[PDB]
Amino acid sequence: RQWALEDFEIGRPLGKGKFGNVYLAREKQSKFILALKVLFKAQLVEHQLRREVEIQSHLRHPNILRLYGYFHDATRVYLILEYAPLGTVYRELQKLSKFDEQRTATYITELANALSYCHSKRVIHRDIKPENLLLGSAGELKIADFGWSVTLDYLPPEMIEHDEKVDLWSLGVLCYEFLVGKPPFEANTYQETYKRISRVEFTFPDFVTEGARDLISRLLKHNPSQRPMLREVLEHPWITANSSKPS
Ligand SMILES: Cc1cc(CN2CCN(c3c(Br)cnc4nc(-c5cncn5C)[nH]c34)CC2)no1
């Protein structure tokens, strides 16, 4: 099944690359709303993207951004993606200052469900930034990454100093960011940020509750091997108490 640029009406830009641009878009015939990513073959990594799209086009999960298909011309490559009406988690955090434990734990559940669904396919994910986390019409979180396989603040010690312990560290930075309003190792300089992650030096403000500290503390281990299984995250009693979504 083929596709062409003239099949779509284009609306407003949703962002800049990442080697290109995303625009709100509509299929002319069905009027079906979607997002179109336009990437340029020069900055093409080229072989890599091909494999990324290979894997992403097989991923069906309510919390993964769907890739409906792709096509290309001489100069560009086009990605036909699901549209997320409600924007980024990063933007929501800005507006709310920080999230409550229920919104936080529901997101963590959703992230962990997606990552486990992918784990069940020997597909693993690297690091995870909030700007790459979008929200569907029902408020459900969606992963929008080229971070599938097989800023410093978001990287585990082993990235700065099926081996998927990286995205468990990611769950912990996000969970902390979500409750707190800023990532755990944030510092005034690059050198300072580096040592904080390397040394795993973070602390909690008093409002952060115990079940939260527990989960976060188990996720932010220097030793990747000691970080929890996704299964253990979803069964964490603080997750179990607070999240509105099930496994
Ligand atoms: C290449 C490239 C990557 C980016 C960053 N980009 C931002 C916009 N993208 C979106 C996608 Br794909 C699907 N749905 C979206 N909904 C929004 C949105 C709605 N209201 C505000 N926003 C930001 N953005 C979406 C994801 C990746 N730019 O060029």
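Looking at the method and resolution fields of the entry, one finds X-ray crystallography and 2.500 Å.

A.B. asks: Could you clarify how one ought to interpret the domain arrangement of the chain in this entry?
C.D. replies: Interfaces are often sized by the amount of accessible area the parts lose when they come together. Per the domain assignment, the segments making up the chain are domain 1 (1–87) and domain 2 (88–242). Computed from C-alpha coordinates alone, the two centres of domain 1 and domain 2 are separated by 26 Å. Contact with domain 1, which involves 17 residues of that partner, is made by 26 residues of domain 2. A class-by-class count of the residues in the side of domain 1 that touches domain 2 yields eight nonpolar, five polar and four charged.

A.B. asks: Is there a simple way to think about the packing of aromatic side chains in this case?
C.D. replies: Aromatic ring pairs are reported here in terms of the distance separating the ring centres and the angle at which the planes meet. A complete count under the given rule lists eleven aromatic pairs for this structure. Plain terms: the ring middles of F8 and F71 are 6.1 Å apart, the flat faces sit at 10° to each other, and that makes the pair stacked. As far as the burial class goes, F8 and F71 line up, both buried. For the ring pair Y107 and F178, a centre distance of 5.8 Å and an interplane angle of 75° mean the geometry is edge-to-face. Residue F178 is classed as buried on the basis of its relative accessible area of 0%. Joined through ring pairs, the aromatic side chains of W169, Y176, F185, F202 and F204 make up one cluster. Sitting above the plane of the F207 ring, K98 keeps its charged end 3.3 Å from the centroid. One residue, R103, lies across the ring of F99, its end atom 5.8 Å from the ring centre.

A.B. asks: Looking at this model, I keep getting lost on the site of the ligand. Mind explaining?
C.D. replies: Looking at the ligand, there are 18 residues lining it, with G15, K16, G17, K18 and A84 nearest. Taking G17, its main chain carries an N or O atom lying 3.1 Å from an oxygen atom of the ligand. At 3.4 Å from an oxygen atom of the ligand is found a main-chain nitrogen or oxygen belonging to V22. A total of 630 Å² of accessible area belongs to the ligand in isolation, and the protein chains cover 86% of it.

A.B. asks: I would appreciate a short explanation of the packing of helix α3 (residues 101–119) against helix α4 (residues 166–180) in the present structure.
C.D. replies: Two packed helices can be described by the angle between their axes and the distance between those axes. Running from N to C, α3 and α4 cross one another at 165°; their axes reach a closest spacing of 10 Å. Classed by the angle they form, the pair α3 and α4 counts as roughly antiparallel. Remark: the crossing between α3 and α4 carries right-handed chirality. Contact with α3, carried on its side by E101, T104, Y107, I108, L111, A112 and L115, involves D167, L171, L174, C175, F178 and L179 of α4 and no other residues of that element. Here the residues of the contact of α3 with α4 sort into ten nonpolar, one polar and two charged.

A.B. asks: How should the pairing of strand β3 (residues 33–40) be read in this particular structure?
C.D. replies: Summarising burial for β3: six of the eight residues are buried, a large majority. Judged from the seven bridges that link them, strand β2 (residues 20–27) and β3 form a sheet pairing that is antiparallel. Looking at the pairing, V22 lines up with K37 of β3. The antiparallel hairpin formed by β2 and β3 contains five residues in its connecting segment, where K31 sits at a positive phi of about 65°. Sheet topology note: the β3/strand β5 (residues 76–81) ladder contains six bridges and is antiparallel. Following the sheet pairing, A35 is matched in β5 by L81.

Reading guide: rules and limits
- Residues numbered from 1 in each chain as written, not as in the entry; some residues may be left out.
- Heavy atoms only, no water.
- Residues with missing side-chain atoms left out of burial classes, pairs and counts.
- Domains from an automatic or database assignment.
- Contact = heavy atoms within 4.5 Å.
- Nonpolar A, V, L, I, M, F, W, Y, C, P; charged D, E, K, R; others polar.
- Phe/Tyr/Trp six-rings, centres within 6.5 Å; stacked < 30°, edge-to-face > 60°.
- Buried < 20%, exposed > 50% of the residue type's maximum accessible area, 1.4 Å probe, protein only.
- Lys NZ or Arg CZ within 6 Å of the ring centre and 35° of its normal.
- Near = heavy atom within 4 Å.
- Polar contact = N/O pair within 3.5 Å; in protein donor to acceptor, adjacent residues only side chain to side chain.
- Areas by Shrake-Rupley, 256 points an atom, 1.4 Å probe, with all protein chains shown as cover.
- Axes fitted to C-alpha atoms, helices over the stretch in contact; angles between N-to-C directions.
- Helix = DSSP H or I, 4+ residues; strand = E, 2+ residues; numbered from the N terminus.
- Parallel < 35°, antiparallel > 145°, perpendicular 65-115°, else oblique.
- Left-handed = near helix turned anticlockwise from the far one by under 90°.
- Pairing = 2+ DSSP bridges.

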